[PDB]
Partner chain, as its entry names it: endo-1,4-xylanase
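First, one chain by itself: the form deposited without the partner chain, in structure tokens.
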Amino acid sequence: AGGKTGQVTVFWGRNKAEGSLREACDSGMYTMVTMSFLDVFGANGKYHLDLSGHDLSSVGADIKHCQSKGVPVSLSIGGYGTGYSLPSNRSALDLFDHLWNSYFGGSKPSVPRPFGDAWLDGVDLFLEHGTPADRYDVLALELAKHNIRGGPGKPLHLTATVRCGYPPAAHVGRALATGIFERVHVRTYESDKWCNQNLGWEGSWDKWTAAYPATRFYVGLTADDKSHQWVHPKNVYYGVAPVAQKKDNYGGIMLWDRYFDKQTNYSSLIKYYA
């Protein structure tokens, strides 16, 4: 069986009123912060990062500070918008090159460093939209080459953030079939009538965890205490955490998002259940 891991991953970047990345790391509530979202990418060489009006000029130093406190920072690509796709092998390698040389260890004069010499700790795939011809598998395999655990380089935590329902859409399945995703965060706070904390999340959790035994699974919860799919912290202690942790490959809790968590202090108790 699994058990508590103490791991809490939070999303950041969706609301400029949520405070800085530094503030989130300095809270001590999180073991990973995932910036969101690289919302434009595809086959025409155009890329865009959307951090919702947050002050970009502070982000690089804040990433380095988070890391200095032992909190890794990853970047999530995709989101709920319609501005991204990955329709070819070449487009996936071009996206790898953009991520590597913009945000990680690569330096090319022709690739801007939006956050200077800060070097991120992972990539998350939040692929709400896609088609079966997308090649996120190619991207995943290229990122996995740089996940160094001991030696020159540093870890790269490759993750996906997926809808509650199993099985996922084909573009996601194609990526996960590479077998090298470190973590998957299963969103259980959405309004999918048959798959959310109010109805059906556990049966889906059983299918997800069984399908990918080498991957660590995080239960995704909302920190918005007004959401229809919010879980009272007591029901995380009694229900969600003990159930999820029966799986050998339980990894932790994922929280959507820093803005809600800053308002409600959900993680102040959740960090003890994860």
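Residue numbers count along the first chain shown, from 1. Here the rigid core means the biggest group of C-alpha atoms that line up within 1.5 Å when the two forms are laid on top of each other. Residues that one form lacks are left out of the comparison.
The next section is about a form of this same protein that is not shown, the form solved in complex with the partner chain.
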**Q.** Contact segment among 91-99, 104-112, 74-82, 172-180, judged by heavy atoms lying within 4.5 Å of the partner chain in the deposited bound form
**A.** 172-180
Q.
Counting any non-hydrogen atom inside 4.5 Å, which residue from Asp121, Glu128, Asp137, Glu190 sits next to the partner chain in the deposited bound form?
A. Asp121
Q: Heavy atom within 4.5 Å of the partner chain in the deposited bound form: which of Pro87, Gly116, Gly153, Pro167 fits that? Just give me the one.
A: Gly153
Q.
I'd like to know whether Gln67 contacts the partner chain in the deposited bound form, with contact meaning heavy atoms within 4.5 angstroms.
A. yes
Q.
Is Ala133 near the partner chain? Define near as a heavy atom within 4.5 Å, in the deposited bound form.
A. no
Q. Does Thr215 reach the partner chain in the deposited bound form, with heavy atoms at most 4.5 Å apart?
A. yes
Q: Select from 93-119 the residues with a non-hydrogen atom within 4.5 Å of the partner chain in the deposited bound form and write them out in sequence order.
A: none
**Q.** Did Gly150 shift 2 Å or more between the shown form and the other one, C-alpha, core superposed
**A.** yes
Q. In sequence order, what are the runs of at least 3 consecutive residues whose C-alphas shift by 2 Å or more between the shown form and the other one once the core is aligned?
A. 149-152
